[PDB]
Amino acid sequence: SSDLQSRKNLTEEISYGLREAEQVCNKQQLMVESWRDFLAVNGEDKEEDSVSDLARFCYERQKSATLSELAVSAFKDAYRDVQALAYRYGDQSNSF
Amino acid sequence: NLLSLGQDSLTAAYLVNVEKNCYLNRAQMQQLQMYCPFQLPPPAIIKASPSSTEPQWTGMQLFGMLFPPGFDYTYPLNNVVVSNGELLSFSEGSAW
Amino acid sequence: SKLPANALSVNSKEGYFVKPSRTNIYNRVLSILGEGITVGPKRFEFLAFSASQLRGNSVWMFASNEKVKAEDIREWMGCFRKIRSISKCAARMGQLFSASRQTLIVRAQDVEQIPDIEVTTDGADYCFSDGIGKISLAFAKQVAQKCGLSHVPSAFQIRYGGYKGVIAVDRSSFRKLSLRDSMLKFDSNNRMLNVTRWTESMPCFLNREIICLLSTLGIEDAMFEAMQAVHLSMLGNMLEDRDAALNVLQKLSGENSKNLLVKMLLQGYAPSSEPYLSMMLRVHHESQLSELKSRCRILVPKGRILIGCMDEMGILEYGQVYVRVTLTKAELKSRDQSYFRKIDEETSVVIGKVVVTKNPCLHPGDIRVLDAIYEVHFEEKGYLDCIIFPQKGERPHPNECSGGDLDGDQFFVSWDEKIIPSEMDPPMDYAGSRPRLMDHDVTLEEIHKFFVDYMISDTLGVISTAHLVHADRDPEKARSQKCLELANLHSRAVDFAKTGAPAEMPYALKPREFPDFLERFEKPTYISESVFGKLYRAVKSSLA
Amino acid sequence: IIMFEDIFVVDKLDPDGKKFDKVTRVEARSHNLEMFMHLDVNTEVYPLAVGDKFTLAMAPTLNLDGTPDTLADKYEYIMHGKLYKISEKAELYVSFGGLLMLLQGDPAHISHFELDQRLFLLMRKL
Amino acid sequence: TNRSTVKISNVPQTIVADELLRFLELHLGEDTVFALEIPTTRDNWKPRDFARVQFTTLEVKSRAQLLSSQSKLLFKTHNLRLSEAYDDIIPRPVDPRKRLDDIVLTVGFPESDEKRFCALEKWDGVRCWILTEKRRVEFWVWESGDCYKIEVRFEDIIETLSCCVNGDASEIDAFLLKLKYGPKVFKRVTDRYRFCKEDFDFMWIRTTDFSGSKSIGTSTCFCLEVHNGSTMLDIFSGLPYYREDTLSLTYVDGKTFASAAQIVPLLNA
């Protein structure tokens, strides 16, 4: 970073990117046969249930292997963009 | 090929061919010409400023003394063109 | 004006997936449709809506009375509980609202049940008989007496008792009336006969899509430029020359039409005199110029627009049809031609290469070159103002014509010789979307939902404009996958009135640019260098 | 001795920076002849701002009346390079030791340039 | 020159809207920037390479353009290039005179044959904006918290009249807007890169009549009760079909004509 303000902006951007990646992983976790009714284009009143249950998604992911693989794939896909920020926040004279 | 440039020569060549803004004067170029087996190319930079004497050499011509006169190399991906043993163009990539 | 898509069901991203949110206008329209409109000592109720009214956001309302109520009329029209599709039920209920002429009443004692013919090739269901029928000579004479029609057409569109389709004449009829199997739409308590259109031998016209799809087979720009030049030359000479006025009136609107202006055109005074006629000619010329500026409409005297039917002969093969039309002033003046056969004084046969085209066309494979032949057996049946389609073949001709049907639809025919038939392209698939069937009868609410949702995601009018813009911009038009996708989307949007399948117009397909020959002055205008641009520049130069 | 000489006015800069410590590519459009030019210049040693007017000259040799391979006192940004690609509104591709130049103009304006030859680049910002 | 928003070509990716606002206020006049928006490819953590800035006065825009043409704007070793934008960030007129705040809005119709007017429902403290470029007039009415937007185009009006409410013929304290069609009704619904200088983080959606008595749907004329203005006539002269005559009106108690049914403009049986 050039100065302290740039460092703070980079930290906030990293935090928001991690939050977005976690949200993407949570969305990708729903690609199972159990949520076929919810994923269909109809009227479902349980939309808020899938969003408010934030602490259950991690527990469900840690129990299944296919869910874990899907989650890590989605996390890598959403984290490539986060890794791409180094070229924006890095100077041309950076040794690394 | 079995033998590569290495971990240091690769970085040095990247720095030489990427910066394109640091010009080597006659003394440094002649000092570096001792290790190179080929002769010295034309300076190609006569005046870089209205009140700048001692015409200098560009960085990419220093790397051009490492090829035989009859060797021609073309790398479309990195836009690298070598004609008559002289490096003509280079943009980025460091893949060649 | 039309309700914008943003005024109803505005999209909003709530949760993981985007869900549209209904606006207050949606609820207001639903309440108006449900409760009804009260005007004085009356309360109007929803009866039905026609296919034309569905595309214009119009609906019929009937005030309930002590004698007959809305439900009484609804059940008198027929029983619609057999249809389990929301769109199909509405279409069948609203189809019986077209203008027609009343005729005699025929009971349900003499009706035939002639079996149809079906061909299944390459795993595709191709049906030749979609809405074709059979009629006798006595029935035609009886039905033509009340309409004041002298000549007996060989084909005329008719609908009665829920049936709908065109019927053709025959010389081996058994009784007055006959019917096929693939014609019953819904059961009705009445069988009133009525006829909408019998025959219209109007001269053919070249629309924008015809030139757009015919500009890749090898047709140069010199032909269209010369045709436009001669058209404008004969239009400009119509003012000071009375001879050209009659010829134009006899070759532009109505082959055989009697009018006060038409009679005076052949024998009249100088154009300077008779202001009542001179100013009418001037305003007609101005209207023609405005129509040409708005859209391309080329007057081709060697082609007509007529419906088509089939005969129970089975002699014609795949690629052989019969073309027969009346003789106009140009045909009568010089009937000696290679592809024109003077079978009769008023009727002339055609032996040239004739193609079939419709109004909506967005696929290069619709151009199917057909060779017309002359047979004594076919002429013995006496077919007039109707092209003959073979019974047998790999696929029916209407199927190749954008998946159409023999429902009295008009067909463009032209016995031209300077076209290029060397290039042939297969037609697109005519298979529609899967029908949606409900598990319960209609409670008069889902039909209202479908009617209101018709306004939302109604992209029928923009697909054609986008296709035209993409064809004008990108060279080698109607060859890339973008044109195929646009044609598929247009077909799906047309099918939306029949089955509830939204077009789903993508955002990236919007043109965001329009050529000179459009009325979108506010939108950015770009100079087009295609054949349409050349024609528009020629028209502008002629006007100036 | 001078083959091509015209007044050029810059239009935009590729980096659009003042202290980027990197070679900057400029886009200048010729006056009268209306020939578009690409050139890599070092802003730190030879500052060039948008809207400035500078002259450009090309000569096979800096000597007077022959002697290929005294114009130094006139100009201030002399460079040396070779032309490697001439295929195109013909355009030229001259690299001054890795600094590419793209002079796109008219076929009639550029007709006395041969392939694989050494030429100089004389510049002065008025 | 038609609009006031200026699109900046290139800005650093590491900056925030606050830094750019501070830089602009330092180089230009103090608090001369109204709206600053930086588009983001992602939701809130990936701004684009360009930004759009709205200025309060056209003079500030001209000065900024002059500075940009001379390359005098240098923010974090980046030369800011200024170019015209397509649409304004906020539909707000540049002229402060056209902005009317805290005025009285009432609806009605020419109930009597004489010079009489009837008032159905009266709103106080409404905001009126006149957009010459967009050829429309916006009315902001606050009712039960949420505000509503009333949009009237130039083609909607057929004639413009001026009246008075204090009772003095010389003074002009009212304006009549005869409407041929109905006005559009909107409704307000419920940050790091968007300053906007105010609370404009919402969207407008079309809605039906929000009045309890539905006075808007049964009124074909609008009356604007505003204070006397020496130069107000020049501002009101821009409306199409303006009459340069003085007319007087009186208030008629027409609160009885109030229908709570969906079909408002029909008579009572």
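Position numbers follow the written sequence of each chain, starting from 1, instead of the entry's numbering, which may differ; residues with no coordinates are not represented. As a convention, the first chain written is A and the first ligand written is 1, with the rest following in written order. Consider the displayed chains a part of a larger assembly; each reported value belongs to this part rather than to the entire assembly. Processing note: side-chain calculations cover all non-hydrogen atoms of the structure and skip hydrogens and water entirely. Residues with missing side-chain atoms are left out of burial classes, side-chain pairs and their counts.

Structure determination for this entry, per the PDB record, employed cryo-EM and reached 3.1 Å resolution.

**Overview of the overall build of chain B**
The helix and strand labels rest on DSSP assignments: H or I over at least four residues marks a helix, E over at least two residues marks a strand, and numbering proceeds from the N terminus. For chain B, the helix and strand inventory stands at three helices and five strands. Starting at the N terminus and ending at the C terminus, chain B contains elements arranged as α-α-β-β-α-β-β-β. Across its three principal axes, chain B shows a C-alpha extent of roughly 45 × 30 × 25 Å. Of the contacts formed within chain B by residues at least 6 apart in sequence, a portion of 46% connects residues at least 24 apart. Note on contacts: a residue pair is in contact if any heavy atoms of the two residues lie within 4.5 Å.

**Considerations on the overall build of chain D**
Of the regular secondary structure elements, chain D holds zero helices and eight strands. Counting from the amino terminus, chain D carries its helices and strands in the arrangement β-β-β-β-β-β-β-β. As a reference, a globule follows 2.2 Å times the number of residues to the power 0.38, and the radius of gyration itself is taken over C-alpha atoms. A compact globule built from 126 residues should have a C-alpha radius of gyration of about 14 Å, and chain D, at 14 Å, falls within 12% of that. Principal axes of the C-alpha set define a box for chain D whose edges measure 40 × 35 × 25 Å.

**With respect to the sheet that holds strand β22 (residues 411-414) of chain C**
Residues and elements named next belong to chain C. One requirement defines pairing of two strands: DSSP has to find at least two bridges between them. One open sheet accounts for three strands, arranged β12-β13-β22; its pairing is antiparallel. Both edges of this open sheet fall to β12 (202-206) and β22, since each of them pairs with a single strand only. With strand direction ignored, the average angle separating the axes of adjacent strands in the sheet is 60°. Pairing geometry for strand β13 (residues 298-306) and β22, over four bridges, is antiparallel. Whenever a helix is involved, its axis is fitted only over the stretch in contact; in every case the axis is a line through C-alpha atoms, and angles between N-to-C directions fall within 0 to 180 degrees.

**Here we look at the pairing of β13(C)**
Here β12(C) runs beside β13(C); their pairing, made up of five bridges, is antiparallel. The residue of β13(C) that forms the bridge with C:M202 is C:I305.

**Focus: the packing of helix α15 (residues 460-473) of chain C against helix α16 (residues 481-495) of chain C**
Residue and element names in this part refer to chain C. Where α15 meets α16, the closest approach of the two axes is 9 Å, and the angle between their N-to-C directions is 165°. The pairing of α15 with α16 is recorded here as roughly antiparallel in orientation. The handedness of the crossing between α15 and α16 comes out as left-handed. Here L460, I463, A466, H467 and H470 of α15 lie close against α16, whose contacting residues are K482, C483, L486, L489, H490, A493 and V494. In this count, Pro and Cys sit with the nonpolar residues alongside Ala, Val, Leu, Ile, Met, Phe, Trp and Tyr, while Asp, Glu, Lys and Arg are called charged and the others, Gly among them, polar. Of the residues assigned to the contact of α15 with α16, the class counts are eight nonpolar, three polar and one charged. Oblique is the label for any angle not under 35 degrees, not over 145, and not in the 65 to 115 range, which are roughly parallel, roughly antiparallel and roughly perpendicular in turn. Helix crossings get a hand from a simple test, with the near helix turned counterclockwise from the far one by less than a right angle marking a left-handed crossing and a clockwise turn marking a right-handed one.

**Side note on the arrangement of the chains**
Across the six pairs of chains in contact, the largest number of contacts is found between chains B and D. Taking C-alpha atoms only, the smallest gap left between chain A and chain B, which are not in contact, amounts to 9 Å. In this view chain B stays clear of chain E, with the nearest C-alpha atoms of the two still 17 Å from each other.

**Side note on the sheet that holds strand β19 (residues 353-355) of chain C**
Residue and element names in this part refer to chain C. Ordered by their spatial adjacency, three strands build an open sheet running β15-β20-β19, and the pairing between neighbours is mixed. Strands with a single pairing partner mark the edges of an open sheet, and in this sheet they are β15 (320-321) and β19. Where β15 and strand β20 (residues 369-372) come together, two bridges link them in parallel fashion. Within the sheet, the bridge partner assigned to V321 lies in β20 and is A372.

**Structural notes on the interface of chain C and chain E**
Contacts between the two partners involve 11 residues from chain C, matched on the other side by seven residues from chain E. Ranked by residue count, the leading element in the side of chain C that touches chain E is helix α1 (residues 24-35) of chain C, at five residues.

**Brief notes about the interface of chain D and chain B**
On the side of chain B, 20 residues touch chain D, which itself brings 23 residues to the contact. The element that contributes the greatest number of residues to the side of chain D that touches chain B is strand β5 (residues 79-85) of chain D, accounting for four residues. Among the residues forming the side of chain D that touches chain B, the class breakdown is 12 nonpolar, five polar and six charged.

**Details of the environment of C:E209**
Residue and element names in this part refer to chain C. Structurally, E209 can be placed in helix α6 (residues 208-213). With 14 residues separating them along the chain, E209 and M223 place their C-alpha atoms 17 Å apart. Look past the residues within four positions of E209 in its chain and what remains in contact with it is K358, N359 and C361.

**Quick word on the pattern of salt bridges**
Residue and element names in this part refer to chain C. Counted as salt bridges are all cases of a side-chain nitrogen of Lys or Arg within 4 Å of a carboxyl oxygen of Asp or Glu. Here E45 makes a salt bridge to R43, at a shortest N to O gap of 3.1 Å. With its nearest N and O atoms 3.9 Å apart, the salt bridge here joins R84 to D441. Taken as a pair, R84 in the loop between α3 (70-77) and α4 (86-94) and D441 in the loop between β22 and α14 (446-455) lie far apart in primary sequence, 357 residues in all.

**Here's the deal with the side chain of C:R92**
Residue and element names in this part refer to chain C. Turning to its location among the elements, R92 is positioned in helix α4. Among the polar contacts made by the side chain of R92, one reaches the side chain of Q95 at a distance of 3.3 Å. Discounting chain neighbours no more than four positions away, the residues touching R92 are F80, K164, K185 and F186. Think of a polar contact as two N or O atoms within 3.5 Å of one another; within protein, one of them needs to be a possible hydrogen donor and the other a possible acceptor, and neighboring residues in sequence only count if both atoms come from side chains.

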